[PDB]
Amino acid sequence: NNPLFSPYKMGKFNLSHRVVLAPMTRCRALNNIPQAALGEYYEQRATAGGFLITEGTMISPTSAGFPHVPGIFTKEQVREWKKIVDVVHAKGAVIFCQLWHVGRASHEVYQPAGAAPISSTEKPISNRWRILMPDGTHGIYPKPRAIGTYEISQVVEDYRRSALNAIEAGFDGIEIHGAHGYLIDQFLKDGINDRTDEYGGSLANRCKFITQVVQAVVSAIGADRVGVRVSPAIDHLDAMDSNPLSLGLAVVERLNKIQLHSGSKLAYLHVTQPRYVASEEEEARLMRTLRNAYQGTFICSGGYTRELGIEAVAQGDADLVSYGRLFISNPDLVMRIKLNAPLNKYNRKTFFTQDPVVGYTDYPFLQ
Ligand SMILES: Cc1cc2nc3c(=O)[nH]c(=O)nc-3n(C[C@H](O)[C@H](O)[C@H](O)COP(=O)(O)O)c2cc1C
Ligand SMILES: CCOC(=O)/C(=N\O)C(C)=O
């Protein structure tokens, strides 16, 4: 029996299997408005009792660092998301919206009035990394503006309002993108956060921002509708920490405490495998250490295959396994994993293009 097809109770959500659509930016949401193409894409991948997480979704006008990514901060966006959620729900799937602020991982071209992007720090991402521009060229990450505590409270409110908007659109819940060197990770990582106020210095202070964000969304929509994604060890956008395992455990402690205070568990903790990029034992150590420390559901992501996903669930390393790239090219990935059917190759060249069909909805199902 395939352990990926054991049912799982993710809080009040009864999942029929443990294969999850990982959140993936695809850049088809023209002008930050969800489009009908997204509805077709998510519908193709939805299964009865399966869990889907959307592409990262803007919480405010300053939260983007990619072209044509959806927002959920306007009523127009909420109206269009509702059409997509309705088609996914008609297939019996559960869907969460990932709330995403990129912080310093942006460019003047993506910011209102060409202003600098915001961060914990004035330190830019280094020139080892370049940003995808709307014309398909690559640009230079600029120096961000370091925000004060009033503005931090405004950003927390943007997460809270976006969570309420997601519920209004019919989403089952939201995921906080606290990973991958984006805004929240720019507060978490000691390689980035050079602040001397209450949001920097100590590990406890560096965890303040994520704690406040999670508390705000939990208060607004309930813990069982909130998932949290982190990546304490990741090679992405110069987001390093001197002690990744202690950073991860400090975040896990905060999430455990939020749950005890709220009297309810979060939907899940979602952790990226350190092997994933845009020793193996230290990486496996870290994943299992975080899972064992967290009082709740654990989703693993990053480089998983059918075999590795089966092993993760069978060995108790994770409750759910999210797949990215293979879900791009296999709309029926769940069925293919169930049948052990051969998988289709994916085309990286069309990961972030704008076409509503090509490289998006035209990967074939099984015959
Ligand atoms: C095209 C693409 C876009 C992605 N965008 C996001 C994103 O918006 N938010 C996020 O948390 N992770 C994002 N990721 C990481 C994925 O959620 C996932 O963790 C990763 O793809 C898993 O590894 P796999 O592709 O080997 O299955 C993205 C990955 C890809 C390939
Ligand atoms: C490498 C880790 O970063 C990611 O996967 C990502 N978003 O989180 C994108 C847009 O690629």
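Atoms within each ligand, like the ligands themselves, are counted from 1 in listed order. Only this structure's heavy atoms are used, side chains among them; waters, hydrogens and symmetry mates stay out. Note that the numbering runs from 1 along the sequence shown for the chain.
Looking at ligand 1, you'll find an N or O of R325 within less than 3.5 Å of one of its N or O atoms. The shortest N/O to N/O separation between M24 and ligand 1 does not fall below 3.5 Å. Residue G324 has at least one N or O atom closer than 3.5 Å to an N or O atom of ligand 1. Between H177 and ligand 2, at least one pair of N/O atoms sits closer than 3.5 Å. Not one N or O of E55 is nearer than 3.5 Å to an N or O of ligand 1, by distance alone. Among the atoms of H180, some N or O lies under 3.5 angstrom from an N or O of ligand 2. Considering backbone and side-chain N/O of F351, none are found under 3.5 Å from N/O of ligand 1. Considering backbone and side-chain atoms alike, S301 places an N or O below 3.5 Å from some N or O of ligand 1.
Which parts of ligand 2 touch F66 is read off a 4.0 Å heavy-atom cut-off, strictly below it: atoms 10 (C). Close approach to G302 involves these atoms of ligand 1, each under 4.0 Å from a residue heavy atom: 22 (C), 23 (O). Within ligand 2, counting atoms from 1 as listed, the ones closer than 4.0 Å to a heavy atom of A278 are 1 (C). Close contacts between ligand 1 and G56 involve ligand atoms 8 (O) [criterion: under 4.0 Å to a heavy atom]. Against a heavy-atom cut-off of under 4.0 Å, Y323 is close to the following atoms of ligand 1: 27 (O).
Remark: the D190 side chain and the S242 side chain contain an N/O donor-acceptor pair separated by less than 3.5 Å. The closest side-chain donor-acceptor pair between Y360 and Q44, if any, does not fall under 3.5 angstrom. For the residue pair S322 and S301, a side-chain donor N or O sits within less than 3.5 Å of a side-chain acceptor on the partner. Counting only N and O atoms by type, the side chains of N193 and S120 include no donor and acceptor under 3.5 Å apart.
Judged by the shortest distance from any of its heavy atoms, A179 lies outside the 4.0 Å radius around the atoms of ligand 1. Using a 4.0 Å cutoff on heavy atoms, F352 counts as a contact of ligand 1.
Here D172 does not pair with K12 in a salt bridge; the nearest charged N to carboxylate O distance is not below 4.0 Å. Remark: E40 does not engage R28 in a salt bridge, criterion side-chain N to carboxylate O under 4.0 Å. Contact check on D238 versus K123 returns no salt bridge, with no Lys/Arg side-chain nitrogen under 4.0 Å from an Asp/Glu carboxylate oxygen.
Looking at atom 6 (C) of ligand 2, its nearest protein heavy atom turns out to be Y182 OH, 3.7 Å. Nearest to atom 8 (O) of ligand 1 among the protein's heavy atoms is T25 OG1, 2.7 Å. Shortest contact from atom 31 (C) of ligand 1 to any protein heavy atom: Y276 OH, 3.4 Å.
Counting only non-hydrogen atoms, the option in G303, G178, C27, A278 that gets closest to atom 23 (O) of ligand 1 is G303. Residue nearest to atom 12 (N) of ligand 1, selected from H177, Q98, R229: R229 (by heavy-atom distance). The residue among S322, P23, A22 with a heavy atom at the shortest distance from atom 13 (C) of ligand 1 is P23.
A cation-pi arrangement, defined by a distance under 6.0 Å to the six-membered ring centre and an angle within 45 degrees of its axis, is absent between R288 and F298.
Note that CZ of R291 and OG1 of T297 are 8.0 Å apart. Values are rounded to the nearest 0.5 Å.
In the displayed structure, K75 atom NZ is contacted under 6.0 Å by more than 12 heavy atoms of other residues, nucleotides or ligands. The 12-atom threshold is not exceeded at CZ of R285, counting heavy atoms of other residues, nucleotides or ligands nearer than 6.0 Å.
Summarising the geometry of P142 relative to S106, their closest heavy-atom pair is CD-O, 3.1 Å, with the distance given to 0.1 Å.
Hydrophobic cluster membership differs between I221 and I53, with clusters built from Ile, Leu, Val, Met, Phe, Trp and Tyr side chains linked at under 4.5 angstrom.
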